[PDB]
C-alpha cells in the first residue's frame, strides 16, 4: 500500500514525489458535500475503494457554505472519520475546505484558519494528509487581490503544526486560472495549485493555461474533475474524459474524480440505492463510476 510505500510527499520542481524522490501519481475520488452525503464516507466504503478500485487518495469535500461547516461545524467529525480511516488504510486523504457559494475565500477566512489550525494540529505528524484550503474561487475574485493573501495566512497557520505536508491552493474561475497563480507564485516549497475541469464543458483552452503554469514552474493537482459537464450533468462524456486523462498521465498529474455518491446526476459514481459501505456489484455503478474505476485499475 502507498504511504507505507511512498511515505511523505513533497514537490520536486513540478512533480509530486515520494520520500525516495520518486514521481508519484495519485488517483482517487471525492465525496460529495459531507453535510449531505457523508453517509458514503466511512472506513468500509473507503476500504472497498482501496481494495476494489485501487484508489490511492480520497478527498473529503467539506462545504463551508450551503448548509456546511459554517452553519453546522459538527461535520468536522466526518473529516476526522475519513482521515482516521485513511491513516488506518494507508491511503492519502485531502481535507477540502470546500468553498463555492462563498466564492471569495476571504469571506470565511477566520473560520478557515481556525479549522486548519485544529487539523494540522491533530494530523500534521501524519504522512497521509494533504490540505486543500479553498476548493473553488469564483466571482469577482482573483489571484493577486484575493486568493494569494488568503493562502499566505492560512498557509502560515498550517506550517506551524505541519511544515512539510502538501498544501493545494485553489485558483480563480472555479480553479481554472492557474496561469494567474503561475505568474505570482507563493514561496512555500510544498504548495500546488488546483486545476478543475469537466469533460463535457472544458477543452483545449484549459489545458493550455495548465501547460503555461507548468512551464513557469507551478505544480498542478486535479483535486476535482468530472466525466459530466460543469453542472454535473449531460451524461458521461467518454471522448473528452479519455482525452483529459491521457493529458494528465503525460505529465503525471494526480487527480480526483467528482463524485462518490448516489446523487441523481451524471457525475455520480453510484446508481441510486447503492450501499453506503461498498461491496457494490458492477451494476450498482453508474456509467461514470464504471469508467472511473476502469481508469484506476490501470
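Numbering follows the first chain given and starts at 1.
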Average Cα temperature factor in the PDB entry - higher stretch of 215-223, 82-90: 215-223
The stretch carrying the higher mean Cα B factor in the deposited entry, 268-276 or 47-55, is 268-276
Sorting the chain's modelled residues by C-alpha B-factor, tell me whether residue 295 ends up in the lowest, middle or highest third. lowest
Chain-wide C-alpha B factor ranking for residue 205, given as lowest, middle or highest third: highest
Residue 102 by Cα B-factor - lowest, middle or highest third of the modelled chain: middle
Within this chain, which third does the Cα B-factor at residue 285 fall in: lowest, middle or highest? lowest
Ordered by C-alpha B-factor within the chain, which third holds residue 96? Give me lowest, middle or highest, please. lowest
